[PDB]
């Protein structure tokens, strides 16, 4: 059974960048629903599989990817943020960033653009290509998870579904992206990077 992880900080810890109302709805309602629905779908999957019911397994895929993906993405998102966050990363990761994107600023532009470029609901990601052995930016639709659909290792994700910013920034998604950089938890991102550089 999958569970909703506790937020690693207070709901208002990311203010004024992401307000408390958004954080609370985001965690207690949106993420909660993803794990609850995921557990329901996996149980139905368990039943379909035991029966060899291929039709049922296939009909269940949209719900499994959407809900399971929702859980995966938000669980990573919470850890990617921090009240003491902001600034730039250091060492090997910063090395890679400058190497793979020219500079930190060029990286910010590219990730921002990938995030602002999502038409509809989705996510912008900084990931790691284990095969090429380098960093890579990608965008995912709806709740499609980075690794399950692209094979890339998630390092930093930016949720651009409207529920992630609308109450505070309304239609101005670029202001939300500008503000989020101030709360990125580079320690966590670094951790994830070093974890796949092994």
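Positions refer to the first chain, counted from 1.
Visitor: Which has the higher mean CA temperature factor in the PDB entry, 89-97 or 76-84?
Guide: 89-97 has the higher mean C-alpha B-factor.
Visitor: For the stretches 100-108 and 116-124, which has the higher mean C-alpha B-factor as given in the deposited record?
Guide: Between 116-124 and 100-108, it is 100-108 that shows the higher mean C-alpha B-factor.
Visitor: From 57, 143, 46, 28, which pick has the Cα B-factor that tops the rest in the entry?
Guide: So the option with the highest C-alpha B-factor is 46.
Visitor: Looking at 163, 132, 65, 170, which has the biggest Cα B factor in the entry?
Guide: The record points to 132.
Visitor: Which third, lowest, middle or highest, does the CA B-factor of residue 23 fall in along this chain?
Guide: Bottom third by C-alpha B-factor.
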